[PDB]
$ cat work.tsv   # TSV, C-alpha atoms
chain	number	residue	atom	x	y	z
A	1	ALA	CA	0.00	0.00	0.00
A	2	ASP	CA	1.02	3.66	-0.20
A	3	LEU	CA	0.48	6.02	2.68
A	4	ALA	CA	0.64	8.97	0.28
A	5	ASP	CA	-2.61	7.73	-1.31
A	6	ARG	CA	-4.28	7.80	2.09
A	7	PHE	CA	-3.08	11.36	2.78
A	8	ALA	CA	-4.38	12.37	-0.64
A	9	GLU	CA	-7.77	10.91	0.25
A	10	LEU	CA	-7.80	13.05	3.40
A	11	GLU	CA	-7.12	16.09	1.26
A	12	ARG	CA	-10.06	15.30	-0.96
A	13	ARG	CA	-12.42	14.41	1.90
A	14	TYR	CA	-11.63	17.56	3.89
A	15	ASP	CA	-11.13	19.85	0.86
A	16	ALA	CA	-7.73	20.76	2.23
A	17	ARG	CA	-4.00	20.73	1.69
A	18	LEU	CA	-2.11	18.52	4.16
A	19	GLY	CA	1.61	18.51	5.05
A	20	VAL	CA	3.26	15.79	7.17
A	21	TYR	CA	6.82	15.09	8.27
A	22	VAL	CA	8.04	12.43	10.69
A	23	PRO	CA	11.86	12.19	10.76
A	24	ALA	CA	13.42	8.79	10.27
A	25	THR	CA	14.81	7.10	13.41
A	26	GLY	CA	17.09	4.21	14.38
A	27	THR	CA	14.12	1.90	13.78
A	28	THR	CA	11.79	3.68	11.29
A	29	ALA	CA	11.56	5.39	7.89
A	30	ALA	CA	10.67	9.04	7.40
A	31	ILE	CA	7.08	9.92	6.64
A	32	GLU	CA	6.80	12.82	4.22
A	33	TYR	CA	3.83	14.36	2.41
A	34	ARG	CA	4.11	17.89	0.98
A	35	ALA	CA	6.90	18.13	3.54
A	36	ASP	CA	8.84	20.81	1.63
A	37	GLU	CA	5.81	22.97	0.86
A	38	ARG	CA	5.40	26.14	2.91
A	39	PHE	CA	2.61	26.49	5.45
A	40	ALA	CA	1.97	29.36	7.86
A	41	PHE	CA	3.47	28.84	11.29
A	42	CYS	CA	0.46	30.23	13.08
A	43	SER	CA	1.30	29.79	16.79
A	44	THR	CA	3.57	26.77	16.25
A	45	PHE	CA	6.54	29.15	16.35
A	46	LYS	CA	6.00	29.71	20.06
A	47	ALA	CA	7.64	26.41	20.98
A	48	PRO	CA	11.01	27.22	19.26
A	49	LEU	CA	10.61	30.83	20.53
A	50	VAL	CA	10.69	29.57	24.10
A	51	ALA	CA	13.73	27.49	23.16
A	52	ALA	CA	15.47	30.61	21.82
A	53	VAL	CA	14.86	32.47	25.08
A	54	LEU	CA	16.06	29.50	27.13
A	55	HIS	CA	19.17	29.08	24.98
A	56	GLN	CA	20.36	32.64	25.29
A	57	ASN	CA	19.87	33.17	29.02
A	58	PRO	CA	20.77	31.54	32.33
A	59	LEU	CA	17.78	29.91	33.96
A	60	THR	CA	17.70	32.71	36.54
A	61	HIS	CA	16.24	34.78	33.73
A	62	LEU	CA	12.95	32.93	34.14
A	63	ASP	CA	12.37	34.96	37.31
A	64	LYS	CA	12.63	38.35	35.55
A	65	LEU	CA	9.36	40.23	35.92
A	66	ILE	CA	7.99	41.76	32.70
A	67	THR	CA	5.47	44.55	33.05
A	68	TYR	CA	3.03	45.61	30.36
A	69	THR	CA	-0.29	47.42	29.88
A	70	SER	CA	-3.76	46.64	28.59
A	71	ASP	CA	-2.71	48.32	25.35
A	72	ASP	CA	-0.10	45.57	24.91
A	73	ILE	CA	-2.78	42.85	24.80
A	74	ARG	CA	-2.59	41.61	21.20
A	75	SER	CA	-4.22	38.58	19.67
A	76	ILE	CA	-5.57	35.79	21.75
A	77	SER	CA	-3.89	36.05	25.16
A	78	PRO	CA	-5.74	33.95	27.76
A	79	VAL	CA	-3.16	34.38	30.52
A	80	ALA	CA	-1.52	37.73	29.86
A	81	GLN	CA	-4.81	39.65	29.85
A	82	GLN	CA	-5.42	38.56	33.47
A	83	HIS	CA	-2.03	39.83	34.69
A	84	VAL	CA	-1.84	43.41	33.42
A	85	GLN	CA	-1.52	44.80	36.94
A	86	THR	CA	0.97	42.20	38.28
A	87	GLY	CA	3.09	41.56	35.22
A	88	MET	CA	4.44	38.09	34.47
A	89	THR	CA	7.86	36.52	34.81
A	90	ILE	CA	9.72	35.25	31.78
A	91	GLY	CA	9.01	31.70	33.00
A	92	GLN	CA	5.31	32.46	33.30
A	93	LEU	CA	5.38	33.94	29.78
A	94	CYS	CA	7.04	30.80	28.39
A	95	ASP	CA	4.36	28.72	30.11
A	96	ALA	CA	1.53	30.80	28.69
A	97	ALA	CA	2.99	31.09	25.19
A	98	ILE	CA	3.14	27.27	24.89
A	99	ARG	CA	0.31	25.96	27.04
A	100	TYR	CA	-2.32	28.64	26.25
A	101	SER	CA	-0.86	29.69	22.90
A	102	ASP	CA	-0.76	33.19	24.39
A	103	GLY	CA	-0.04	35.91	21.81
A	104	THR	CA	0.93	38.69	24.16
A	105	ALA	CA	3.23	36.34	26.04
A	106	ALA	CA	4.92	35.42	22.78
A	107	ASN	CA	5.27	39.06	21.74
A	108	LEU	CA	6.90	39.84	25.11
A	109	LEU	CA	9.29	36.89	24.65
A	110	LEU	CA	10.19	38.17	21.19
A	111	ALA	CA	10.90	41.58	22.74
A	112	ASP	CA	13.09	39.76	25.28
A	113	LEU	CA	15.20	38.41	22.41
A	114	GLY	CA	15.51	41.96	21.06
A	115	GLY	CA	16.32	43.86	17.89
A	116	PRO	CA	14.53	44.77	14.65
A	117	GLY	CA	11.00	43.60	13.93
A	118	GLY	CA	10.26	43.30	17.65
A	119	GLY	CA	12.50	40.18	18.08
A	120	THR	CA	11.30	38.42	14.92
A	121	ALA	CA	14.67	38.76	13.19
A	122	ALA	CA	16.41	37.36	16.25
A	123	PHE	CA	14.00	34.43	16.37
A	124	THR	CA	14.56	33.66	12.69
A	125	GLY	CA	18.29	33.77	13.34
A	126	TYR	CA	17.91	31.20	16.09
A	127	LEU	CA	16.26	28.88	13.57
A	128	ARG	CA	19.13	29.52	11.10
A	129	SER	CA	21.56	28.46	13.85
A	130	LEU	CA	19.73	25.10	14.08
A	131	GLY	CA	20.25	24.51	10.35
A	132	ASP	CA	16.83	25.79	9.21
A	133	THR	CA	17.36	27.80	6.01
A	134	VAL	CA	13.63	27.83	5.22
A	135	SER	CA	11.54	29.12	8.09
A	136	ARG	CA	10.93	32.81	8.68
A	137	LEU	CA	9.09	34.91	11.24
A	138	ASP	CA	8.45	38.46	10.05
A	139	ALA	CA	5.96	40.11	12.36
A	140	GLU	CA	4.76	40.26	15.95
A	141	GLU	CA	1.38	38.63	16.49
A	142	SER	CA	-1.53	41.06	16.18
A	143	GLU	CA	-4.16	38.45	15.22
A	144	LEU	CA	-4.38	34.84	14.11
A	145	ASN	CA	-2.68	34.54	10.73
A	146	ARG	CA	-5.24	35.31	8.02
A	147	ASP	CA	-2.74	36.75	5.53
A	148	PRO	CA	-3.03	35.48	1.96
A	149	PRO	CA	-1.59	32.04	1.09
A	150	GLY	CA	0.78	33.67	-1.38
A	151	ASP	CA	2.62	35.58	1.35
A	152	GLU	CA	5.80	33.64	2.38
A	153	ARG	CA	6.19	35.69	5.54
A	154	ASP	CA	5.71	33.79	8.79
A	155	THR	CA	6.02	30.36	7.16
A	156	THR	CA	7.83	27.09	7.71
A	157	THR	CA	7.65	23.62	6.14
A	158	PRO	CA	6.72	20.36	7.89
A	159	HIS	CA	10.24	19.10	7.17
A	160	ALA	CA	11.95	22.17	8.60
A	161	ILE	CA	9.91	22.54	11.77
A	162	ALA	CA	10.06	18.81	12.47
A	163	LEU	CA	13.85	18.84	12.36
A	164	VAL	CA	13.93	21.93	14.59
A	165	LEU	CA	11.70	20.20	17.15
A	166	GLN	CA	13.79	17.01	16.91
A	167	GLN	CA	16.93	18.88	17.86
A	168	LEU	CA	15.24	20.85	20.64
A	169	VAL	CA	13.39	18.04	22.43
A	170	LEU	CA	15.31	14.89	21.51
A	171	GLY	CA	18.72	16.27	20.48
A	172	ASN	CA	21.38	18.38	22.16
A	173	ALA	CA	20.36	21.88	21.04
A	174	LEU	CA	19.51	22.67	24.67
A	175	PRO	CA	21.24	21.41	27.83
A	176	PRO	CA	19.19	18.90	29.85
A	177	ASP	CA	17.86	21.39	32.42
A	178	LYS	CA	16.54	23.75	29.70
A	179	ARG	CA	15.34	20.87	27.54
A	180	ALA	CA	13.26	19.61	30.45
A	181	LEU	CA	11.39	22.93	30.72
A	182	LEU	CA	10.49	23.01	27.03
A	183	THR	CA	9.41	19.38	27.13
A	184	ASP	CA	7.21	19.82	30.18
A	185	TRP	CA	5.48	22.94	28.87
A	186	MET	CA	4.62	21.06	25.62
A	187	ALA	CA	3.64	17.96	27.65
A	188	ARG	CA	1.05	19.99	29.52
A	189	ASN	CA	-0.29	21.97	26.58
A	190	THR	CA	-4.00	22.69	26.98
A	191	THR	CA	-4.89	23.40	23.31
A	192	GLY	CA	-4.06	20.18	21.46
A	193	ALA	CA	-6.45	17.46	22.62
A	194	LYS	CA	-8.28	17.22	19.29
A	195	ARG	CA	-5.22	17.08	17.00
A	196	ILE	CA	-2.21	14.75	17.09
A	197	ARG	CA	-3.18	13.56	20.59
A	198	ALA	CA	-6.55	12.42	19.20
A	199	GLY	CA	-4.84	10.21	16.61
A	200	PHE	CA	-2.51	8.30	18.95
A	201	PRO	CA	-3.63	5.56	21.35
A	202	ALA	CA	-3.89	6.53	25.02
A	203	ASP	CA	-0.78	4.57	26.01
A	204	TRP	CA	1.35	6.83	23.81
A	205	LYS	CA	2.64	10.04	25.40
A	206	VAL	CA	2.06	13.20	23.35
A	207	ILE	CA	3.56	16.69	23.82
A	208	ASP	CA	2.63	19.43	21.37
A	209	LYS	CA	2.16	22.99	20.21
A	210	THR	CA	-0.78	24.03	18.03
A	211	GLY	CA	-1.44	26.73	15.50
A	212	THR	CA	-4.67	27.88	13.85
A	213	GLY	CA	-5.53	30.71	11.50
A	214	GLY	CA	-7.44	32.00	8.51
A	215	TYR	CA	-7.75	30.16	5.18
A	216	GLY	CA	-8.57	27.01	7.12
A	217	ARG	CA	-5.13	26.84	8.72
A	218	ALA	CA	-4.68	24.17	11.41
A	219	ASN	CA	-1.28	22.86	12.54
A	220	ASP	CA	0.13	20.71	15.30
A	221	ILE	CA	3.78	19.92	16.04
A	222	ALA	CA	4.43	17.10	18.49
A	223	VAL	CA	6.81	14.68	20.04
A	224	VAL	CA	5.23	11.31	20.85
A	225	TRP	CA	6.56	8.37	22.88
A	226	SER	CA	5.40	4.84	22.22
A	227	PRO	CA	4.15	2.58	25.05
A	228	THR	CA	7.74	1.29	25.43
A	229	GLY	CA	9.31	4.74	25.44
A	230	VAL	CA	10.47	5.22	21.82
A	231	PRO	CA	10.13	8.84	20.65
A	232	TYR	CA	9.07	10.25	17.30
A	233	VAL	CA	8.59	13.83	16.07
A	234	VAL	CA	5.35	14.42	14.20
A	235	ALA	CA	4.59	17.64	12.32
A	236	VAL	CA	1.18	18.06	10.66
A	237	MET	CA	0.12	21.22	8.88
A	238	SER	CA	-2.99	22.02	6.87
A	239	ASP	CA	-4.88	24.77	5.13
A	240	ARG	CA	-7.83	25.44	2.81
A	241	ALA	CA	-6.61	28.24	0.51
A	242	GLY	CA	-9.51	27.70	-1.93
A	243	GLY	CA	-12.14	28.07	0.80
A	244	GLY	CA	-11.59	31.80	1.39
A	245	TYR	CA	-9.94	33.72	4.23
A	246	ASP	CA	-12.65	32.47	6.60
A	247	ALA	CA	-12.49	28.81	5.60
A	248	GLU	CA	-13.02	26.65	8.69
A	249	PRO	CA	-9.88	24.98	10.12
A	250	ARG	CA	-10.34	21.24	10.60
A	251	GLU	CA	-8.83	19.73	13.72
A	252	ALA	CA	-10.31	16.37	12.68
A	253	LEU	CA	-8.04	16.38	9.59
A	254	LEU	CA	-5.00	16.57	11.83
A	255	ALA	CA	-6.38	13.84	14.10
A	256	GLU	CA	-6.97	11.53	11.13
A	257	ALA	CA	-3.57	12.26	9.61
A	258	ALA	CA	-2.06	11.45	13.00
A	259	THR	CA	-4.06	8.19	13.11
A	260	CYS	CA	-2.55	7.26	9.74
A	261	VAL	CA	0.93	8.04	11.14
A	262	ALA	CA	0.28	6.05	14.34
A	263	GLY	CA	-0.71	3.08	12.15
A	264	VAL	CA	2.74	3.19	10.52
A	265	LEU	CA	4.68	3.70	13.76
A	266	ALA	CA	2.85	1.28	16.07

$ encode --input "work.tsv" --output "structure tokens"
Amino acid sequence: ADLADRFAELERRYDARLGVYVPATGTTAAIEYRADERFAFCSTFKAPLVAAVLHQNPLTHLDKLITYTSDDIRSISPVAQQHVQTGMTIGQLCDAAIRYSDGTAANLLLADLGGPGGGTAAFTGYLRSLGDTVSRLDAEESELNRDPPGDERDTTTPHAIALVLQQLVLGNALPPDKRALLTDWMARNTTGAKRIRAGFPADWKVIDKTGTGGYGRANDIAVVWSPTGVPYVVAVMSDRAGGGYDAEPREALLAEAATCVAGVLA
């Protein structure tokens, strides 16, 4: 059989474009479907963003209090908009940016990295340092990404983001103490239950970071561990460019793609 045929059937059933990459391992072949096509990051960048902040600072930095105002609340910010009067530490911002996909938290972390484009250049440079020549972040988050499909800004590929996540969570891009923080925040994400997690059996561990936007955009990037403790990186991206800027994102597409992947890996 050919797994690519089954992904193609998902595209036709959901009226969508689907991108998948699972890196090869010591025991398995790579899974790749539109893996070198660009898809919007949406909030999936927030996981490597936290890595960038961890990489460039001692862990004492997580205690630094960041203050901000109600006028700094941009895009969907479930945590930050409750803490305007207190502020939030860098560690709390990392937590919110991953686990609640918090936009303001991410924008404050980008500012913490520094420089032109409100930290977006610095973030892209971090990805370049991990061997990613493809991905780019170009703007702070002011809304969920509903920019036209033709705009390359704020895009990655399943292949590129998967290999970034591989190095961050499973490789040696971060020292163990920093790696643990990233892993735990993704492990306790609150936004991903209906995506990759929904396609893997309950005895597999799943850690993830979602993204969702206009033009039917729905993404999930994950690391999964089998019931015997073998890890795999799974990146699934999707959009519906022909359905208009307000095309509905389909979490179920990601869940079914992940089920297809689990069938290969189990």

$ closest_residue --input "work.tsv" --among "A:199, A:158, A:231, A:23" --to "residue 251 in chain A" --atoms "all atoms listed in the file"
A:199

$ atom_distance --input "work.tsv" --atom1 "CA of residue 16 in chain A" --atom2 "CA of residue 160 in chain A"
20.7 Å

$ atom_distance --input "work.tsv" --atom1 "CA of residue 119 in chain A" --atom2 "CA of residue 141 in chain A"
11.3 Å

$ residues_around --input "work.tsv" --residues "residue 201 in chain A" --least-positions-apart "5" --cutoff "12 Å" --atoms "all atoms listed in the file" --output "MDAnalysis selection string"
chainID A and resid 196 206 224:227 255 258:263 265:266

$ residues_around --input "work.tsv" --residues "residue 209 in chain A" --least-positions-apart "2" --cutoff "9 Å" --atoms "all atoms listed in the file" --output "PyMOL selection string"
chain A and resi 43-47+98-99+101+186+189+191-192+207+211+219-222

$ write_last_selection --input "work.tsv" --atoms "C-alpha atoms" --output "mmCIF file, in the coordinates of the input"
data_model
loop_
_atom_site.group_PDB
_atom_site.id
_atom_site.type_symbol
_atom_site.label_atom_id
_atom_site.label_comp_id
_atom_site.auth_asym_id
_atom_site.auth_seq_id
_atom_site.Cartn_x
_atom_site.Cartn_y
_atom_site.Cartn_z
ATOM 1 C CA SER A 43 1.300 29.790 16.790
ATOM 2 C CA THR A 44 3.570 26.770 16.250
ATOM 3 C CA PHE A 45 6.540 29.150 16.350
ATOM 4 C CA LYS A 46 6.000 29.710 20.060
ATOM 5 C CA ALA A 47 7.640 26.410 20.980
ATOM 6 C CA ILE A 98 3.140 27.270 24.890
ATOM 7 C CA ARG A 99 0.310 25.960 27.040
ATOM 8 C CA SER A 101 -0.860 29.690 22.900
ATOM 9 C CA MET A 186 4.620 21.060 25.620
ATOM 10 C CA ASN A 189 -0.290 21.970 26.580
ATOM 11 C CA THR A 191 -4.890 23.400 23.310
ATOM 12 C CA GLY A 192 -4.060 20.180 21.460
ATOM 13 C CA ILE A 207 3.560 16.690 23.820
ATOM 14 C CA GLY A 211 -1.440 26.730 15.500
ATOM 15 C CA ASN A 219 -1.280 22.860 12.540
ATOM 16 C CA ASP A 220 0.130 20.710 15.300
ATOM 17 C CA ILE A 221 3.780 19.920 16.040
ATOM 18 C CA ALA A 222 4.430 17.100 18.490
#

$ residues_around --input "work.tsv" --residues "residue 75 in chain A" --least-positions-apart "5" --cutoff "6 Å" --atoms "all atoms listed in the file" --output "MDAnalysis selection string"
chainID A and resid 103 142:143

$ closest_residue --input "work.tsv" --among "A:230, A:51, A:73, A:252" --to "residue 28 in chain A" --atoms "only C-alpha atoms"
A:230

$ build_atoms --input "work.tsv" --residues "range 160-184 of chain A" --atoms "N, CA, C and O atoms" --output "compact mmCIF listing (two decimals), in the frame of the given file"
# COMPACT_ATOMS: atom_id res chain seq x y z
N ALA A 160 11.07 21.28 7.86
CA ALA A 160 11.95 22.17 8.60
C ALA A 160 11.59 22.24 10.08
O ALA A 160 12.46 22.12 10.94
N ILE A 161 10.30 22.41 10.38
CA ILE A 161 9.91 22.54 11.77
C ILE A 161 10.06 21.23 12.52
O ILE A 161 10.38 21.23 13.72
N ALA A 162 9.84 20.10 11.84
CA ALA A 162 10.06 18.81 12.47
C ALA A 162 11.51 18.64 12.90
O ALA A 162 11.80 18.17 14.01
N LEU A 163 12.45 19.02 12.04
CA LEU A 163 13.85 18.84 12.36
C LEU A 163 14.28 19.82 13.45
O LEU A 163 15.17 19.51 14.23
N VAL A 164 13.70 21.02 13.48
CA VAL A 164 13.93 21.93 14.59
C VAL A 164 13.46 21.30 15.90
O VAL A 164 14.20 21.27 16.89
N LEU A 165 12.23 20.78 15.91
CA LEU A 165 11.70 20.20 17.15
C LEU A 165 12.49 18.98 17.59
O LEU A 165 12.71 18.78 18.78
N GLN A 166 12.95 18.17 16.64
CA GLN A 166 13.79 17.01 16.91
C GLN A 166 15.01 17.44 17.70
O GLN A 166 15.32 16.86 18.75
N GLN A 167 15.71 18.45 17.20
CA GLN A 167 16.93 18.88 17.86
C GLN A 167 16.66 19.49 19.23
O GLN A 167 17.47 19.28 20.13
N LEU A 168 15.56 20.22 19.37
CA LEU A 168 15.24 20.85 20.64
C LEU A 168 14.81 19.89 21.74
O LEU A 168 15.24 20.02 22.90
N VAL A 169 13.94 18.93 21.42
CA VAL A 169 13.39 18.04 22.43
C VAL A 169 14.16 16.73 22.61
O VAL A 169 14.34 16.26 23.74
N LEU A 170 14.65 16.18 21.50
CA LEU A 170 15.31 14.89 21.51
C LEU A 170 16.82 15.00 21.35
O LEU A 170 17.55 14.14 21.87
N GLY A 171 17.29 16.06 20.70
CA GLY A 171 18.72 16.27 20.48
C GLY A 171 19.37 17.10 21.56
O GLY A 171 18.85 17.18 22.66
N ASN A 172 20.50 17.71 21.21
CA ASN A 172 21.38 18.38 22.16
C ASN A 172 21.42 19.89 21.90
O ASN A 172 22.34 20.58 22.32
N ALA A 173 20.39 20.44 21.28
CA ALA A 173 20.36 21.88 21.04
C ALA A 173 20.25 22.66 22.35
O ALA A 173 20.72 23.79 22.40
N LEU A 174 19.62 22.05 23.37
CA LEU A 174 19.51 22.67 24.67
C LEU A 174 20.16 21.74 25.69
O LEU A 174 20.11 20.52 25.54
N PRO A 175 20.79 22.27 26.75
CA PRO A 175 21.24 21.41 27.83
C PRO A 175 20.07 20.79 28.56
O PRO A 175 18.94 21.30 28.46
N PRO A 176 20.29 19.66 29.26
CA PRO A 176 19.19 18.90 29.85
C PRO A 176 18.22 19.72 30.69
O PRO A 176 17.01 19.51 30.64
N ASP A 177 18.73 20.66 31.50
CA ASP A 177 17.86 21.39 32.42
C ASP A 177 16.93 22.30 31.64
O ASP A 177 15.78 22.42 32.02
N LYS A 178 17.39 22.89 30.53
CA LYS A 178 16.54 23.75 29.70
C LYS A 178 15.59 22.93 28.83
O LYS A 178 14.41 23.26 28.67
N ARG A 179 16.12 21.81 28.33
CA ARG A 179 15.34 20.87 27.54
C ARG A 179 14.13 20.38 28.32
O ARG A 179 13.04 20.25 27.78
N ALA A 180 14.34 20.09 29.60
CA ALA A 180 13.26 19.61 30.45
C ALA A 180 12.09 20.60 30.54
O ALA A 180 10.93 20.18 30.66
N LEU A 181 12.41 21.90 30.59
CA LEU A 181 11.39 22.93 30.72
C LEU A 181 10.54 22.97 29.46
O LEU A 181 9.31 22.94 29.55
N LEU A 182 11.20 23.03 28.30
CA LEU A 182 10.49 23.01 27.03
C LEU A 182 9.59 21.78 26.93
O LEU A 182 8.43 21.88 26.55
N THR A 183 10.15 20.62 27.26
CA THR A 183 9.41 19.38 27.13
C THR A 183 8.17 19.36 27.99
O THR A 183 7.09 18.96 27.57
N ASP A 184 8.33 19.82 29.25
CA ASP A 184 7.21 19.82 30.18
C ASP A 184 6.12 20.80 29.74
O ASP A 184 4.92 20.50 29.85
